[PDB]
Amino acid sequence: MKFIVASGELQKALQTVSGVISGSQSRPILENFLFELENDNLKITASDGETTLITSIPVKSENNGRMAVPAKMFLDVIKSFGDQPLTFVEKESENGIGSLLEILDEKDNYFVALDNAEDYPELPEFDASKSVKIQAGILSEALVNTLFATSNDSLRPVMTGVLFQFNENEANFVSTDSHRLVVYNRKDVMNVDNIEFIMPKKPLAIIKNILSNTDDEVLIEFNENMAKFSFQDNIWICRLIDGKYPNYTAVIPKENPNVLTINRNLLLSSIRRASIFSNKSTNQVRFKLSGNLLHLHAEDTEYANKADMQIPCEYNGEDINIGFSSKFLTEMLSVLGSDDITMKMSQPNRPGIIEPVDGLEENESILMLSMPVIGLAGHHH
């Protein structure tokens, strides 16, 4: 097969599908891009066996073909060029058992050895039974809010992923670990098909880098156990996590009369400083709230360091003494971008509910629950 394509267009297409190639040589055929050339359309596929990324670009050609091109090398090769048309010709090695990909650029020649394309598996016929639509910019903000930066909990399978709930009234995006619950809600995302599914983290991270922040629609189609995203000339296919996500709404305390209103960056930077003085193993801080004063306390009995900070705030509520793991709390505060947050509390053994004060669009809301540190004897019952 032979085709001519602008190197910039080729690089962008290759870069889009490359995030799923892990460098693993356990299935060596999956270290390749799969090129499929048909009627001036170059379809490029990469996969790790569970996530598959596909894109296509127009090219100039007169013939068809299929090629398995080693991905890391070939992308490095394309990256080494400026913007110029490149010619690609598959040649059978004059001495060998397989075939070469030759690149022609003026008087210069390059050869990249190819794998056996017949060994690159075909994807199965996707038989969509349901589909939803969501704008790319909305989906990417959902991923900004639900994908945690740290995740060192060994959770059960349904909670290791992100829940997507779509119905005719709204969409919900939910994630959790032992310290946090994020519920992100869009009442402006409405679909006839009611569907619920759990997306694993790795394809979500891969998709997050590919998604643009635009009003362009993403189609998501579903079969037995896969989701198929379609966005411009891209297709992303992911294995879903089987099972039923817990009834997360039942965990949200109904009454939270103790409302802290505070500048977000002040609370975030204060906790970060205080936790430097706590025990390196647990990184906990205590909140003592009373009047319009937040008293932060951290100490490390092993090393004799201590922090005591008084932070002015708006607090209408009863005196409360409540402890938190600072790393998980500050990560959530870093995800919000508002000037002010509220943290609504009830008892020291119940989660605090963090919400932005400002900065939400009309039909957008987010709820961030932070589970406090509580001795087991004082658990809710």
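Each residue number is its position in the shown sequence, starting from 1.
Student: Hey, which bit's got the bigger mean C-alpha B factor in the entry, 282 to 290 or 89 to 97?
Tutor: That would be 89 to 97.
Student: State which stretch shows the higher mean Cα B factor in the entry: 78 to 86 or 181 to 189.
Tutor: Result: 78 to 86.
Student: Quick one: which of 65, 337, 323, 352 shows the highest Cα temperature factor in the PDB entry?
Tutor: So the option with the highest C-alpha B-factor is 65.
Student: From the list 330, 45, 39, 347, select the residue with the highest C-alpha B factor recorded in the entry.
Tutor: Of the options given, 39 has the highest CA B-factor in the PDB entry.
Student: Is residue 137 in the lowest, middle or highest third of its chain when residues are ranked by C-alpha B-factor?
Tutor: It falls in the middle third of the chain.
Student: Relative to the other modelled residues of the same chain, rank the CA B-factor of residue 239 and answer lowest, middle or highest third.
Tutor: Its C-alpha B-factor belongs to the lowest third of this chain's values.
Student: Please say which third, lowest, middle or highest, residue 210 falls into when its CA temperature factor is compared across its chain.
Tutor: Its C-alpha B-factor belongs to the highest third of this chain's values.
Student: Compared with the other modelled residues in the chain, in which third is the CA B-factor of residue 121?
Tutor: For residue 121, whose C-alpha B-factor we compare with every modelled residue in the chain, the answer is the highest third.
Student: Using the temperature factors of the C-alpha atoms in this entry, rank residue 304 within its chain: lowest, middle or highest third.
Tutor: Within its chain, residue 304 is a highest-third residue by C-alpha B-factor, going by the deposited values.
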